[PDB]
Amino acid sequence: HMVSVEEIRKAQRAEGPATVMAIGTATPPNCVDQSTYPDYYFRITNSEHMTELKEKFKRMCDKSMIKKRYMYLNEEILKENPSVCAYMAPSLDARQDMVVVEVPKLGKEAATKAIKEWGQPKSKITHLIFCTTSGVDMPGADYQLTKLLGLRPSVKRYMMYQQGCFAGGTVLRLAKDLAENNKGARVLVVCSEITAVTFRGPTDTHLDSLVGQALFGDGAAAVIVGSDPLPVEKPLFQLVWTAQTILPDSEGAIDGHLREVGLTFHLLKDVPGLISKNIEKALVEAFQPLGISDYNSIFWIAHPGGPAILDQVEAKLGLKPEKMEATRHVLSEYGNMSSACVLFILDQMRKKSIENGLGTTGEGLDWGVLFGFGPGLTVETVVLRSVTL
């Protein structure tokens, strides 16, 4: 017969739901204690004379519910790059020189761990999604990671630059379509974030910049996503349904500009209220079609943008305190790692489910939700199904 586009389409598409088959995570080695961060930060920025501001920063750090963060930046690198320690000094070239190298390097560590868990040859990776908010370059971090891992030159790449904190949801929403539309496709997904682009000295004029310095940390996370798993692959979660929305009345709530001074951060106090005001509508869109209206009966992964977002969502919906445990655990041990955070939380939930002998990767529950929150104000929703242990 003559080959038709309709015959090609039927032969090239996959049959089953996109399935998470591996999760790996990595951090820079420099662990920074939150209890002493105000002293460390005001010292390495030569800002000890700003005593009232330091008291404000101490309250921010004490309320952050962060115990520690990992940071590529250390005292030696800051002494070598004093423009990065200024509040607002031309410093983008110094910051780019760091993150164009370190972002794909950290992503390589996470990716190697995901590949090791998957247990399949890396020659079988057909698609790569690389996501960061930390620097840009051409060719991108996707190309650098392809070279570092030795993936096939014909890997289909999606380079997601300057995305922000909702993009852990965005990469899963993308991976889902890549895996489900392509028979055989195995998608490597990497989110890698390094705060060397946003770190800056303190000022009393832009207190929202200081909130960033209290919350943001470094990390990379990788997942393998595919449809129609082989018997030798080990499913962890299914990706069921996705949505992205812009919240009403949220213009300018979270803004970030890449300038000569690096990545600047603008943050309205309305963000927790905006998210908690709109979250039931997002849950109804996702769960009404599944016949689910009890949000204490699903497992939760929420981007921990800060503890006020988690507290206000929990209070608005009446989530029991157990629901945010995995989310709060990652906020505690790592801080806000922008796009990577919800992937660390998915890993933490699988890990705690195994440790406590629960019946599924979703804390013994069947259905789950993953939320990303970021610039827009954008909300990403991913509906998840757990796998039985």
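Numbering starts at 1 and runs along the sequence shown.
- As recorded in the PDB entry, 50-58 is the stretch of 24-32 and 50-58 with the greater mean C-alpha temperature factor.
- The question of which stretch, 112-120 or 287-295, has the higher mean Cα B factor is settled in favour of 287-295.
- The residue among 19, 12, 381, 378 whose C-alpha carries the highest B-factor in the deposited model is 12.
- Of the candidates 139, 202, 219, 272, the one whose C-alpha carries the top B factor in the deposited record is 202.
- In this PDB entry, residue 327 carries a Cα temperature factor that places it within the lowest third of its chain's modelled residues.
- Per the PDB record, residue ranking by Cα B-factor puts residue 173 in the lowest third of the chain.
- Remark: residue 336 belongs to the middle third of its chain, ranked by C-alpha B-factor as recorded.
- Split the chain's modelled residues into thirds by C-alpha temperature factor. Residue 211 is in the highest one.
- Per the PDB record, residue ranking by Cα B-factor puts residue 107 in the lowest third of the chain.
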